[PDB]
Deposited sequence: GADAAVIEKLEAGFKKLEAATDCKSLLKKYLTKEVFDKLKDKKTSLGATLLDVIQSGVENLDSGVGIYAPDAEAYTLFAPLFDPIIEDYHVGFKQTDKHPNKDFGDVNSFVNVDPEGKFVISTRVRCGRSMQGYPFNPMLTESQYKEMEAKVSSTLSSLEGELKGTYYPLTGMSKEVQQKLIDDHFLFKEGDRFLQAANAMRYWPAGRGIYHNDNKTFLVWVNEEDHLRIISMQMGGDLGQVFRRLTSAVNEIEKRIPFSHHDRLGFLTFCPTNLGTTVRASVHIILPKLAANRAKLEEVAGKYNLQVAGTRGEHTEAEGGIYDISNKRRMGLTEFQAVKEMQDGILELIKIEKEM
């Protein structure tokens, strides 16, 4: 299916990976000559080639992963590459596993992990969604970016009550508005070299926008990396409040905007690191004792399936092979334990 010129670029890219002897990407690890040869000329029905999958990891050798999905079909056609990378990245999500269908569980059971506000500055839960019927960044037309944005804007502008707010398209945005959004940490910028090389930012900023509610506890990014990135946040540690709000918002949006979903992989996303639940529950937290020795903070976080990114963003590491409820509960329980460790000792 792939054009001769594409195959030529793929052969060059393969040569670069195999040689890049110090490259540690999952792309280099799993793009063996056998896998490469069997996939290099293949193309999805919409026109996505292996180059639309691997180009970013070829261009950025320092990528951790190095592949993106150009359309949903790519996860199937290029499964011999996606599947082992997904297995390797999403530790615990086994070959024979299917990611569970959506289950937010009892969103009344989550607690405030730091009622006194001694450690946790803020709590956030983010998820991502792709809109049913639309391909992912690389395969989107300018017209699709715009149509998608109009749908999303209409839907979000319809939100009432606590979720009521304002939509801001990036196109034509004034400097004064940019600064106001920056001051609230609500603005996103044009993608970095990883996204650029994935052809994820074509037509920027057409079809990109930001929504937030009046209370500044709910934020949506439209066409930043995924079609939708939906975030609930507030100061302090009340993970229950944060998660309750997120789930209400996602369930309401879904009524007008159905989502792309896969029986095995869960919610489909542009980057395979965001599959499954897509959920990133995090605290911005200060743990000065446990830090001090970065190595040690890492070990303890890892033990509780947390990821660390003197203020740390500490989140659930697991995305696939557990429910949303379970992913948020892993963050909650892990943060409760880190706080205990910090206090003691």
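What's missing from the model if you number the deposited sequence from 1? Residues missing from the model, as numbered along the full deposited sequence, span only 310 to 320.
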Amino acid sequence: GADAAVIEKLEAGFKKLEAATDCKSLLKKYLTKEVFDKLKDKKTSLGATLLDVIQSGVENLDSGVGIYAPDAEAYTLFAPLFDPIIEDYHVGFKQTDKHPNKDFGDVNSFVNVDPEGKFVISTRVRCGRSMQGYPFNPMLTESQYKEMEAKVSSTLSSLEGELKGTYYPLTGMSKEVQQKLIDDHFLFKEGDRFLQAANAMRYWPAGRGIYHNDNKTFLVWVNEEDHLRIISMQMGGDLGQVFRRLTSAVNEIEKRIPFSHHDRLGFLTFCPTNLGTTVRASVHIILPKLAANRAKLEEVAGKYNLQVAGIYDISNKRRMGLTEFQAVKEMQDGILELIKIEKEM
From here on, numbers count along this sequence of modelled residues.
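Which has higher Cα B-factors on average according to the PDB entry: 152 to 160 or 217 to 225? That would be 152 to 160.
Look over 112 to 120 and 80 to 88 in the entry and identify the one with the greater average Cα temperature factor. On average, C-alpha B-factors are higher across 112 to 120.
Tell me, please, which of 263, 190, 254, 183 has the highest C-alpha B factor according to the deposited entry? Most elevated C-alpha B-factor of the set, per the entry: 183.
Check the PDB entry and point out which of 286, 50, 35, 26 has the largest C-alpha temperature factor. Of the candidates given, the C-alpha B-factor peaks at 286.
What third of the chain does residue 40 rank in for C-alpha temperature factor, lowest, middle or highest? For residue 40, whose C-alpha B-factor we compare with every modelled residue in the chain, the answer is the lowest third.
Within-chain third of residue 61 by Cα B-factor, per the entry: Highest third of the chain for residue 61's C-alpha B-factor.
According to the PDB entry, is the CA B factor of residue 279 in the bottom, middle or top third of its chain, that is, lowest, middle or highest? According to the entry, residue 279 has a C-alpha B-factor in the chain's lowest third.
Residue 205 - which third its CA temperature factor falls in, relative to the rest of the chain: It belongs to the middle third of the chain when residues are ordered by C-alpha B-factor.
Is residue 99 in the lowest, middle or highest third of its chain when residues are ranked by C-alpha B-factor? It falls in the bottom third of the chain.
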